[PDB]
Amino acid sequence: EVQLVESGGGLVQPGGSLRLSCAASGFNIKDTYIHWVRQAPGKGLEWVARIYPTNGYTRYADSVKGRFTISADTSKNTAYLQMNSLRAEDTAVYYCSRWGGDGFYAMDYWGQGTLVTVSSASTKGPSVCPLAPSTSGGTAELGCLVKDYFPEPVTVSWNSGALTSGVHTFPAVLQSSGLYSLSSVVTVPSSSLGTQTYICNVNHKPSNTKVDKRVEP
Amino acid sequence: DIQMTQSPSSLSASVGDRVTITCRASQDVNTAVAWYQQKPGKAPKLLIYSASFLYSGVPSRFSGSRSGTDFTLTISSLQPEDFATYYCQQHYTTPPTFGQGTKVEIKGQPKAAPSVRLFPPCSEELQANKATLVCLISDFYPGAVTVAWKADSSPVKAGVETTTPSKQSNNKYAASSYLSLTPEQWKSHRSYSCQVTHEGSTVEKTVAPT
């Protein structure tokens, strides 16, 4: 039936440029209006632009005028958003959608969305710090702090992936600085402290960073 | 622009409840109003268009109504797949504008209390003349928590960074809070505390320059 597939999202820096595509199948974009709508992380929906591919006529929100161009190619049944002069505030999931057709000005079909992140932060590997802990004959918590990296993601393992029970790697905080930090914890036997070797292996591919820290009590 | 003011911003409901969600337009928009449903990681889906018409395939427990500038979505008997975020939109003019959303959430019949784990700074940071307390929070439902930091007994305003809760694979939540200190501050006090409030109940952990 009707489908809208988008592509072209990415990480870009302020002032940069990106192009999104919205490929329609199961109907003809000539019959209707195509729209872009965005959703910032944790926020609501904001309309960006619209085009009637039959005649090329466009409308924009003021927040993007002179920056973004909406266009269509009917022979490819595809609409585009040329995003120039990108700002941090443009960071969002970008959806295309269509009007029903005729008077039907509700948006009855939406694509799956494509993430666009705009940030002036530059790649930085994390610094990794062991977190040291005690209930005798009970359990203790140890961990690693993975501080000040960019961009996502990092992977953490313990003992090169041998140690799995009791491991919990937490989702990162995005700091006001624009950098991420996260932590990984393991709950271990108190009786094992000072004797068992515990090593966290932190991997940040964008910085080509591979760090192993031994955690002592 | 036309403002769509949606309320409430969230509500927790039981299966079978009658739920009504309200949206006021800042001016007349006639009946040019649509309701959308959105779930995590998915696109919006149209439920209701022209204020009160049910889009094709949408279960008839959904209804929409209009009274002047007041628009309402009613779910007559809430079903499990109805737990989601709802948005109103005016499409009367350009730009079309959306409400700010209502999250309809599963009420935690047995609520699940968080585990809290608190760590003092690491030496490696202290030697670089830095300090971070790490407060790690897991296995809680519902997925809302507030974090307060204490130096001795004094509330700590500055240097706090806290994640929004994120859904674990078991459908409970995890979150972290980071307090940035100077070594000076860390050592100038007897204790720092991380206090987590979930569903009105507090779990506190303390650490000390020890």
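Residue numbers (the deposited numbering), protein chains in the order written: chain H, 1 to 133, 137 to 220; chain L, 1 to 210. Yeah, the Cβ is synthetic: ideal placement off N, Cα and C, and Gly gets one too.
Query, Result
"Residue nearest to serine 50 of chain L in terms of C-alpha spacing, selected from L:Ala43, L:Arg66, L:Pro59 and L:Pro44", "L:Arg66"
"CB contact flag (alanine 32 of chain L, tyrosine 92 of chain L, <8 angstroms)", "yes"
"Secondary structure of residue 135 of chain H, DSSP reduced to three states", "Within chain H, residue numbering steps from 133 directly to 137, and residue 135 of chain H belongs to the interval with no atoms modelled."
"Three-state secondary structure assigned by DSSP to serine 120 of chain H", "coil"
"Length of the line joining the Cα atoms of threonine 206 of chain L and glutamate 155 of chain H", "31 angstroms"
"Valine 205 of chain H at chain L interface by Cβ criterion, 8 angstroms", "no"
"Neighbourhood of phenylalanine 53 of chain L by C-beta distance below 8 angstroms, restricted to the same chain and skipping five residues each side", "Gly64"
"Contact residues within the stretch 41 to 56 of chain H, judged by C-beta distance below 8 angstroms to chain L", "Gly42, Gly44, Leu45, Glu46, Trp47 and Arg50"
"Segment contact flag, the stretch 109 to 121 of chain L with the stretch 15 to 31 of chain L, C-beta cutoff 8 angstroms, min 3 pairs", "no"
"Cβ contact check for the stretch 67 to 86 of chain H and the stretch 16 to 32 of chain H: 3 or more pairs under 8 angstroms", "yes"
"Reduced DSSP category for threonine 132 of chain L - H, G, I as helix; E, B as strand; rest coil", "strand"
"Under 7 angstroms (Cβ pairs) to chain H, residues found in the stretch 102 to 133 of chain L", "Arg117, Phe119, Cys122, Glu124, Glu125 and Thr132"
"Per DSSP, the bridge partner or partners of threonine 202 of chain L", "L:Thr197"
"Under 9 angstroms from the C-beta of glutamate 161 of chain L: neighbouring residues of chain C", "Annotation note: the requested chain C is absent from the structure, which comprises protein chains H and L."
"Assigned secondary structure, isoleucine 2 of chain L (DSSP; H/G/I helix, E/B strand, else coil)", "coil"
"Neighbour list for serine 176 of chain L in chain H, Cβ cutoff strictly below 9 angstroms", "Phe173, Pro174, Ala175, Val176, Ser184, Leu185 and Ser186"
"is_contact[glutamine 3 of chain H, chain L] using C-beta, thresh 8 angstroms", "no"
"Partners in chain L for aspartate 108 of chain H, counting only beta-carbon separations shorter than 7 angstroms", "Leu46 and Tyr55"
"Below-8 angstroms beta-carbon distance, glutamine 100 of chain L vs any chain H residue", "yes"
"C-beta neighbour in chain H for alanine 25 of chain L, strict 8 angstroms", "no"
"Per-residue DSSP class, three states only, for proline 80 of chain L", "helix"
"Beta-carbon proximity list for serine 26 of chain L, same chain, < 6 angstroms, skipping 5 on both sides", "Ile2 and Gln3"
"Among L:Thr164, L:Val160, L:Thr132 and L:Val134, the one whose alpha carbon lies nearest that of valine 145 of chain L", "L:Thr164"
"Nearest candidate by alpha-carbon position, reference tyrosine 152 of chain H, set H:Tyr52, H:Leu182, H:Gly113 and H:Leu45", "H:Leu182"
"Sequence ranges, beta strand (DSSP E) only - wholly within the stretch 150 to 197 of chain H, length at least 3", "158 to 161, 170 to 172 and 183 to 192"
"Environment of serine 193 of chain L [buried if 16+ CB atoms lie within 10 Å]", "buried"
"Assigned exposure category for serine 163 of chain H - 16 Cβ within 10 Å defines buried", "exposed"
"Residue closest to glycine 57 of chain L, alpha-carbon to alpha-carbon, out of H:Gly141, H:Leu148 and H:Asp108", "H:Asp108"
"Integer Cβ distance of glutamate 125 of chain L from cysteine 96 of chain H, believed to fall under 8 angstroms", "Between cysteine 96 of chain H and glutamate 125 of chain L the Cβ distance is about 46 angstroms, and since that is not below 8 angstroms, they are no contact."
"Among H:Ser63, H:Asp73, H:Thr74 and H:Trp99, nearest to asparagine 84 of chain H - alpha-carbon criterion", "H:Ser63"
"Interface partners of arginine 59 of chain H on chain L, CB under 9 angstroms", "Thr94 and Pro95"
"Chain L contact residues for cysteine 22 of chain H, given Cβ-Cβ distances below 9 angstroms", "Those within 9 angstroms of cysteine 22 of chain H in chain L number zero; the least Cβ separation is about 12 angstroms."
"Contact between the stretch 200 to 214 of chain H and the stretch 115 to 131 of chain H (3+ Cβ pairs under 8 angstroms)", "yes"
"Chain H contacts made by the stretch 136 to 152 of chain L, where a contact means CB separation under 8 angstroms", "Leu136 and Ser138"
"Length of the line joining the Cα atoms of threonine 123 of chain H and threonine 72 of chain L", "47 angstroms"
"Counterpart residues of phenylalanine 53 of chain L in DSSP-defined beta bridges", "L:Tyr49"
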